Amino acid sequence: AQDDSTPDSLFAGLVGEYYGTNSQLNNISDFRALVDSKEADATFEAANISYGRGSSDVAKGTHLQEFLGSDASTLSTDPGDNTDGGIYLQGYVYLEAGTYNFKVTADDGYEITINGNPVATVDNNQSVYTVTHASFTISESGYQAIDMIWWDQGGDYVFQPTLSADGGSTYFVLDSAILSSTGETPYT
């Protein structure tokens, strides 16, 4: 819902913020502290949340643009170089009541929360790895609150958090089919 005096862009995606740093990101706490510490280095619309893979540091050169791919055209600016960096995504996802689980491929770590509760967590650095996470329930059909953080401490980078509604038999990428920046229905 609206919570201030600023109209918010309605689009079929999550609100994305990118933050870079020249300090080391070791874990979720480090990245959240970076987000806390300053304004985003860039904003974007996260409409197709399947990013990377690439090499030679996400925070260098045009690597962020390459990583974000189809979403990069919504960047507010081209950040300068940093050694480390990551993204913070927030908004809504349409889910019917039922049981779900994430399966996430990433380098480095990440955390996804739904309706305030963590549902997929890797609290450390790692080369590319895919985790099938534990199932969670959605009690009421509709737009659920969702946020994500992901970061790269350096080197390679990838982030693809897929979701299953059928007990792990099939998984889908979160994209414009079901994402909403504000919780209103997007017609874009």
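Quick note: we count residues from 1 along the sequence shown, nothing fancier.
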Handout entry: Stretch with the higher entry mean CA B-factor, where the candidates are 138-146 and 159-167
Key = 138-146
Fill in the blank from the handout: Taking the deposited Cα B-factors and averaging over 33-41 and over 148-156, the higher mean is found in 33-41
Practice task
Report the option among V104, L95, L89, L75 whose CA atom has the maximum B-factor in the deposited record.
Solution key: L95
Exercise for the section: Grab the CA temperature factor for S50 from the record and place it in the lowest, middle or highest third of its chain. Expected result: lowest
Exercise for the section: Could you look up the Cα B-factor of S9 in the entry and say which third of the chain it sits in: lowest, middle or highest? Expected result: highest
Practice task
Among all modelled residues of this chain, ranked by Cα B factor, put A177 in the bottom, middle or top third, i.e. lowest, middle or highest.
Solution key: highest
Fill in the blank from the handout: Split the chain's modelled residues into thirds by Cα B-factor; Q126 lands in the middle
Fill in the blank from the handout: On the chain's distribution of Cα B-factors, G109 falls within the third called lowest
